[PDB]
């Protein structure tokens, strides 16, 4: 229960709370809603055992820039707010400003918890379950672990899960030792090797100067790629000897190059791959976020899938030097390029592809909404494998983009996926 170090991503997150930087003054957070018919009381007791299982669900972030696992925490119960006597319009209004208030909520430093799991009773046996968590607490992969244990203790309250011997505190000790290794300097050397000729982020058409925004508010555009379409895209990705992540990232780059009138651009890629430092590392709750800056050359005479192969090659070379994290390389880019307090690489692709794996929270019910906020980010393209479907969620700073332009870019991204599903290739990019 000693305070221990933050990851370099966690540190960037904590410094993004300071409003003196542009597009800052908020903590990174994820929010979603599920319409469920499960027993909320059983869910609440199950969630309590998840909290005791995972120490990072009982941790706080301290102002001094460290984290600490608390000795004991108060019992957590899912608060139930009943709306069953309210007409549907009054229900919708209450949920709306409850949603907006949960998304604008900020978890105070040093206090517990960094999450909220609240239920709204719409009918006697129908609830709207809302879950939100600070990204200082856990990454998206860890969030799936929480849902997995949640459903396990829900169905089998007495079947106790195998004890964990590895903690995130142990991992952080290894993490701090990995910053000072020969592997670290080889990864560093690779990134300064690519630093003089590294392209800038896609220069999109912004509605105003980001310096004049103040605190950003995010909007989400979300769609579901059906099981049939996602299956065809996975089969086409394997036929062209490319990963689905490189494929979706290259489609992203095509839309970004078109709307930015650029040829070479840098995408901020967010992944959750964990270093294999212990047999149980894929079992613990924590932050394992890795940022890699993707050098991409879109405007080419090459066929689309030739560019996908280049994105694949670039991506794997990035992963073999991830020990030098993207926050450090980003700052290398700022100081080396004379670039002030601005947000440097604010176009983000967040891949939560599970490799035909289950999304545990989908067992709760039907997903109704998802929202994601991050400091110093203009646009975040989040793709989540959702039990055979692909959920695509674009989160952008509302004050920074015309809503119709954003909807147009989003629609063209989705339509290029449709093209690949039909013809196995894409057409010259034109307006939707």
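Residue numbers count along the first chain shown, from 1.
- Across the two stretches, 308-316 and 327-335, the PDB entry reports the greater mean Cα temperature factor for 327-335.
- Just going by the entry, 350-358 versus 104-112 on mean CA temperature factor gives the higher value to 350-358.
- When the C-alpha B-factors of 199, 140, 276, 147 are ranked from the entry, the top spot goes to 276.
- The PDB entry assigns its highest CA temperature factor, among 192, 217, 250, 261, to 192.
- In the deposited entry, the Cα temperature factor of residue 64 sits in the middle third of values across the chain's modelled residues.
- Residue 77: CA B factor in the middle third of modelled residues in this chain (values from the PDB entry).
- Ranked by Cα temperature factor within the chain, residue 286 sits in the lowest third according to the deposited record.
- Among the modelled residues of the chain, residue 127 sits in the middle third by CA temperature factor in this PDB entry.
- Ranked within its chain, residue 270 lands in the lowest third, by CA B factor from the PDB record.
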